[PDB]
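Residue numbers (the deposited numbering), protein chains in the order written: chain F, 1 to 412, 434 to 612; chain C, 949 to 1034.
Following: one structure in structure tokens, then a few remarks.
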Amino acid sequence: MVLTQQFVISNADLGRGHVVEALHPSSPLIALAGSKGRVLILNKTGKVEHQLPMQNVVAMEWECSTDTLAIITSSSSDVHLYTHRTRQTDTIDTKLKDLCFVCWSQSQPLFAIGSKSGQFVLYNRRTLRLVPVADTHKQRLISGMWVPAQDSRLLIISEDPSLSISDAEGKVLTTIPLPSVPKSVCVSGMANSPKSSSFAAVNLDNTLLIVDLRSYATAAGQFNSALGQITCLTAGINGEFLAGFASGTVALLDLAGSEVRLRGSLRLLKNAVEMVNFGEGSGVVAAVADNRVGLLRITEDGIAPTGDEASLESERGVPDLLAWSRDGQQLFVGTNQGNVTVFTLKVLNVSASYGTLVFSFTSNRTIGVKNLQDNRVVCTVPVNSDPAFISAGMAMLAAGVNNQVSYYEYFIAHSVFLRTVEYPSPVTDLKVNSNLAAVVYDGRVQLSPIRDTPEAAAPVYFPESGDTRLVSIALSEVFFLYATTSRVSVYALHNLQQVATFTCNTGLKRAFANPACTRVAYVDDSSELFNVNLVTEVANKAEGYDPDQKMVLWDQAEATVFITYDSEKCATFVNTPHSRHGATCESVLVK
Amino acid sequence: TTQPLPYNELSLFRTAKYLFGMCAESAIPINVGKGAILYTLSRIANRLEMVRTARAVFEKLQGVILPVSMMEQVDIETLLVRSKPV
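Following this line, the structure appears as structure tokens:
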């Protein structure tokens, strides 16, 4: 955890009052509104271009499907739409007074306009026909959200406890009254499920009743009365649910057949959760209670306190609205006193790979290992700091900053730290295998055993006797490959003896060895790509090689295909080992 | 070559030498392949540390066709066999 203050937003910007924020799902832009009655859109440079005066702000949102900004007023029945891109103004009359909320569907081009009387309608733009629905609710609506899936269902909550189910014609089949007003409800969907099966849980303050809408099976869940009422309800991970308690205890619930088993419970916080949010794209749970911030992560062993406490100044105000961005990089918190504090949650774009395993960052201190075979996370690596660059091998993951590198021995599911090693020069690039490691510095490569055995082999420095500068290296289980502008050399790790050496007359800028250290797709000075088979030592230029695209990735599933890309596009090269014309390396073409 | 079955090492080595000797004399009979016998001789010579013989039959094996799930392994084997005293 690193707390760095970039800038301070005083109350003179938005005024003393509620702070309304709107985060663009794709663009790095945010709209802000306050008691000043103006619209402030913040760019990457923080410079104010123009202020849009609009008073009595209620809510804000940005649309992703058509990138259209919607502005509504509470004192007028007409809605004015202003397009910033075309500088055009239009007026569309919804014929409803005292508007309270506006929401757009990110999956379908369908929108609904509501009223404080509890009426929701469906608008057909093509036919200009509106179907009025009346007498659905008798009190003021609280909130209304859309389900981001193929299920075209609209959920609106209010202070009158009722559940309405209607067909395509809008006919209400039945209405079941509830003993008390529900507090909140959330819907979670399964992205990997083709049919997107979802279940809804209804809370009855002191009771939890689960009704299966498909099998029509009714079961009564008995819970201890000493647990207390549920404070907040939010969606969990893989259909799980997280419920708070008056005692502040967070409990993990497991479903064993038809029973619920309490494996363990820990009282982490003493007060109720003021605000809770769930990040679907990040899977991170954060809770704020008074001047305390807690982070909850679902682990196999349970919940353990980190032992670190931070005190927040009371002069910044008590938070009342909290919204986490989908990407998890931008955090904006608005306070009722007009003070806005921005926290930078850095997630490094440093990644590595080995075989079917890809190593990326899930949090600041955890490296996530994803297996492409199953497309799911299989293991996690603890990280002491934020590394500048990471590299992967077989049962070895290295992560380094500047001139130091920390080594972990991951296994597939646990990780074991081995050692942190400093080097006299910054490590420009790094490769590693299970037993040894190659670190690039002094214009050369140091190959050393990572294990700190008292009888370890003496580390070696490559190239020897001096040829030219090294351009790139690669490492495998038994082979060490180093490429210069003159020669590409492979050494057997069991003896450090030269076996393969290919001389390139046209030079070399960037070499890209295959995972088995047998084929090198290297780019010479003449902007040409040569697919050299290090076994038979044959240099074959790649047909159709665009010199604009510079980077090469070798496929891990197929040993005859690799990909050449630049910042925008990519092309696939196929390596045929034998044909009438010999071994070839050809770009895939179009019909 | 094609089955995970128990085998003798020296007997298979001498069988491979005999097949290599008598396969180039005339037209090879149907369903007797040079790739399989060369791969067997190379692997057994590498295992039995016939390193000079192994690299000779490997440089010969470079000039035949192997199954689609064998080229990578034979590349690794022939690159590793280039070490060790001849």
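C-beta atoms are modelled at their ideal positions from N, C-alpha and C, and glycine is treated no differently.
DSSP places F/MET145 in the strand class (E or B) of the three-state scheme. Within the same chain, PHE245 come within 7 Å of F/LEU227 by CB-CB distance, once the 5 residues on both sides are set aside. Sorting F/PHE501, F/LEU555 and F/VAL172 by C-alpha distance to the C-alpha of F/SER455 places F/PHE501 at the top. Under a criterion of Cβ atoms nearer than 8 Å, the residues of chain C adjacent to F/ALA537 are, in order, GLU1020, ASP1023 and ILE1024. As DSSP reads the structure, F/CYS606 sits in a beta bridge with F/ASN596. Within 7 Å of the CB of C/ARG995, no CB atom of chain F is found; the nearest one sits about 15 Å away. By the CB criterion at 7 Å, F/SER265 and F/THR249 fall inside the cutoff. Closest by C-alpha distance to F/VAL381, out of F/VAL437, F/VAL401 and F/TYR482, is F/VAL437. Only residues of its own chain outside the window of five on either side were considered, and among them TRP104 have a CB closer than 6 Å to the CB of F/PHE111, listed in chain order. In this structure, the CA atom of F/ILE9 is about 19 Å from the CA atom of F/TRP324. Per DSSP, the unbroken beta strand (DSSP E) holding F/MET275 starts and ends at 275-278. Within chain F, the C-beta atoms nearer than 9 Å to that of C/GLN1010 come from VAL556 and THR557, in chain order. The beta carbons of F/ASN596 and F/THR581 sit about 5 Å from each other, so the pair counts as a contact at 8 Å. Within its own chain, the residues whose Cβ lies closer than 7 Å to the Cβ of F/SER247, once the five positions on either side in sequence are excluded, are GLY228 and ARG267, listed in chain order. Scanning its chain for C-beta atoms nearer than 7 Å, with the 5 sequence neighbours on each side dropped, one finds around F/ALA532 the residues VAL492, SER493, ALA504, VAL509, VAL541 and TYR543, in chain order. Contact annotation: F/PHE278 and F/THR341 have beta-carbon atoms that are not nearer than 7 Å. Secondary structure at C/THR988: helix, using DSSP grouped into helix, strand and coil. Look at the segment 505-523 of chain F: the residues with a C-beta under 8 Å from a C-beta of chain C are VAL511, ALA513, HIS515, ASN516, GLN518, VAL520 and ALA521. Look at the segment 961-1029 of chain C and you find these whole runs of alpha helix (DSSP H), each 4 residues long or longer: 982-995, 999-1009 and 1019-1028. Taking C-alpha positions only, F/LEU555 is separated from C/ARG1003 by approximately 16 Å.
F/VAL405 is bridged by DSSP to F/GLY400 and F/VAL442. Neighbourhood of F/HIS599 in chain C, by CB distance below 7 Å: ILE1013, in chain order.
CA-CA distance, F/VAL499 to F/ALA352, rounds to 20 Å. Close partners of C/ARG1030 in chain F (Cβ separation under 9 Å): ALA513, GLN518, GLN519, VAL520 and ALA521. Taking 8 Å as the upper bound on Cβ-Cβ separation, chain F lies near no residue of the segment 962-991 of chain C. Here the C-alpha atom of F/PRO319 lies approximately 5 Å from the C-alpha atom of F/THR335. Taking 8 Å as the upper bound on Cβ-Cβ separation, chain C lies near residues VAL499 and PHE500 of the segment 490-506 of chain F.
Nearest neighbour of F/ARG376 by Cα position, chosen from F/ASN238, F/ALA479, F/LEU514 and F/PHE332, turns out to be F/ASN238. Cβ neighbours of F/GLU159 within its own chain (closer than 8 Å, five residues either side excluded): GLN139, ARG140, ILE142 and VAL181. The criterion of a C-beta distance shorter than 7 Å is not satisfied by F/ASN402 and F/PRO445.
Between F/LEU496 and F/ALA459, the gap from beta carbon to beta carbon is short of 7 Å. In this structure, the alpha-carbon of F/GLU61 lies about 14 Å from that of F/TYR82. A residue is called buried when at least 16 other Cβ atoms come within 10 angstroms of its Cβ; F/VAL2 does not meet this threshold and is exposed. Counting along the chain, no beta strand (DSSP E) covers F/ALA12; the unbroken alpha helix (DSSP H) around it starts and ends at 11-14. Not one beta carbon of chain C lies nearer than 7 Å to the beta carbon of F/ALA592.
F/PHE551 and F/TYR566 have their C-alpha atoms some 9 Å from each other.
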